[PDB]
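Two forms of the same protein chain are encoded below as structure tokens; each is given separately, as structure 1 and structure 2.
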Structure 1
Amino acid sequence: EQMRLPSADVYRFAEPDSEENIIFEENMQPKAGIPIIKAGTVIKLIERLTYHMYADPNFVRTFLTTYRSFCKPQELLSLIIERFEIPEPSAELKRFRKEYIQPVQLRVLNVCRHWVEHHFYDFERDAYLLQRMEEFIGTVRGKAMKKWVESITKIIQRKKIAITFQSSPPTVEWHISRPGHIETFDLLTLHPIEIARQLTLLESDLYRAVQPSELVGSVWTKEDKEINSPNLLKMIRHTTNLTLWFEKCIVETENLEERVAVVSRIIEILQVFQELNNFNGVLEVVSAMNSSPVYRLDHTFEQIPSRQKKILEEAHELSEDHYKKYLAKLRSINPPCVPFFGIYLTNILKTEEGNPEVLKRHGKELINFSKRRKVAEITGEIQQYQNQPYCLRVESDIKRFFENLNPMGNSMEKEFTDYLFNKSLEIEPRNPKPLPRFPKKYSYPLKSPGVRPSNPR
């Protein structure tokens, strides 16, 4: 006792499965026991997206995150409407309405719900697509459908429309600069703990704003990157800016003793980043210390206390052997954290570049779905670290100070990094030239308050 659908001429999804339209991986879907689709025709992918035998949330999420490389949004909506509109070929008929038509129609409605809830940007960018969605939804008749139809309508309306903690965050730390005196704020005058906390907050929010739409299709590397990946780019620019600021703070401190204090304080900020699991922060420091202007300052490094050499070296070693220790450390910690994004970017790019868009079987072209799954696994990993916020109070002046940081000024990249390098050469010339002395620039004390909270709570 099978089922008997309509002819494939009158309904395209009735076509049987074969080696020419759908193929599977060996292994079965984790938690759920469903076959893992490797490749298929777009018709077959849509059949399975809305399959009658069972629900497939994994496939729905994966498909809706990645479909745009092989199917336009308008085409997808057309296809699921076609899927929904099932003709009939009363024993055979009652069974067919209840076990094929109704399940499939429900699944289409579920796709519509997920599409609108989690990928509303398709509709923000193409108003006609929303028009069609709305008049399709208004078309839907049955009492079985009413609940889902009303929920979809409710989401659409919400989408058309334009922080506090669990218990107490720690007390904000002040060193030399007093609260409100934004004019005094600098690397050494703010408290190193609070520098790390406020940068972690900035960098956390920056990490959390990046959406899959900015990543799938490697769009951040393409000519429209500023249009399609604005949040990712702002995030990376922040990181670059801080790295550059650290380099600048170092090489513009010409007095050796003062420069030692500067580098030492930066390593203290690193230590706190590490305590906060702000790996973006960790690497923005590591990048500064490995920069050509800083790395060569052997007289400065010599004077860094041994404890802090070890702290810096441990952090450097996270990057070694293709981020081997970073990767292991990230797996082992729980949120909140701020991952380093670069690894995800390279993995997504190479996944897309390194695998074919289609596979061929018996001369027929099948969409390579496993490639898209791999990309959705990476974007899923990104999203798992975006849910949990830090339990730290924002300080609006210190935050503003780091947002408005601009070490480059009006200079271009080449000009600026040449300036930093020439500055490094001046303060510590190449052997055999002797080391000059330089006057002190800081009129306040250089001693760090350290990296332990000042008060209880």
Structure 2
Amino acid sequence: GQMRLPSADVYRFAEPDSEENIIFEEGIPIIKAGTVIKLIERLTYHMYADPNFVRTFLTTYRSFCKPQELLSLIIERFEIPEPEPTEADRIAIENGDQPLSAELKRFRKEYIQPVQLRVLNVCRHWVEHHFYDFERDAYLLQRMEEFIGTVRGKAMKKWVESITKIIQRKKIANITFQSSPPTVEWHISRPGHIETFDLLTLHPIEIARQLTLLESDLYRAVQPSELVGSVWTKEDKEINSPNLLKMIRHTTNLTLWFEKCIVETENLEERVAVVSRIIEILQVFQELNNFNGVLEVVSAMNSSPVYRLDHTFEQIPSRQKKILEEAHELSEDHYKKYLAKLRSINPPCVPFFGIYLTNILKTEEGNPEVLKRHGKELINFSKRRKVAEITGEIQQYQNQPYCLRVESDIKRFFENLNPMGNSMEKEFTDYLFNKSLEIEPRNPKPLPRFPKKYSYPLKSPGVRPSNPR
């Protein structure tokens, strides 16, 4: 038969399942809704482990339970009473013999030890992957240290001592590759001559590589804490989502820089060379699976100042028109082709983050926090699972590093790019549009001629890499 359980009066996690406290979806069960007590029971269940559930729960629980309360509940879960001796044990003891204690030994082996180990696994995952709770609440960290540091008994000892050390390391807190990265490529600007760095003087291959390293690092820095609760949209977004906002602001700045390079090149022939170079950079972004970079370029080419430049468009080579068209088609029909391509490539890649943001926000906004059943309010856990499916996808693409060498001067050049200067956004984008009208006026105004501004060769070195010995 099944093991007997402690009385629900002394141990709250032994209450029977009912539709008043847990609802399952239609081979482990998937929880649709439940009380916090039932969620924590299933988080630390004696019959099976559920590492996905641990990640989902630790990512999303603050929408229904405070960190201090979670710790109290898992400590309560850990403190399981042992059963009293059975009749057979009693009779042995009365005869001066040692009891077999068969039921007690089974309950220790099959209930207490798995539940306690799974509580410790929650603690371990909490500290390793969601340490911000403890960074933001020093008293919570003290309580966790005290709980772990006072667990007795040899069965848990290896993990107790390990978790103690992990906590201490987290308080005061290297890549290997299958091959060598390719050689850094140089064009007109030579190494160390940062004052000449520009769109046409850096090698287009190396522009795309260094922007991909930068954008990959920005992508990889975004933690789920910046996303759950839609906090990047709220009044404290600069406090709660700084890495996400830094990533988005880089993307915006690069798009505006591409637009500024185009419309400030007043000579038609030179502006064609600028646009052609940008589409070559886009080609390398595609080769590197840097989808953020691909869309940075597409957004610039679809912007109001650039889109209308028909005289420039007319001179772009047909093959480059095709490259830009197939990049734009990734975004059509609500990113249908982008989503399929992301799911087919071999990482490393740099996803476009905006789709994730919209899907997290709409999942949060479009589903209720609780479900009302039989007069009880149950936590709607399916909504949280959906959010954590998105944060899990994000994290999956954050693991793989690019095998490309950093060029510190090129990296600094793009880190410090500031196309808007001291201008406000409206002032600057009006300026870009007025430049567009200046260099290619609306019909029937005649097309003016403008002097060249670049003194160096406009011919691209191309985007196929070179390899000396």
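Sequence positions of structure 1, starting at 1, serve as the residue numbers. Superpose the two forms; the largest set of C-alphas matching within 1.5 Å is the rigid core.
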| query | finding |
| --- | --- |
| Same rigid part for residue 285 and residue 234 between structure 1 and structure 2 | yes |
| Size of the rotation between structure 1 and structure 2 [smaller rigid part against larger, C-alpha superposition, degrees] | 7 |
| Residue 8 CA shift between structure 1 and structure 2 in angstrom, with the core used for superposition | 2.7 |
| Core superposition result - C-alpha of residue 213, shift between structure 1 and structure 2, Å | 0.6 |
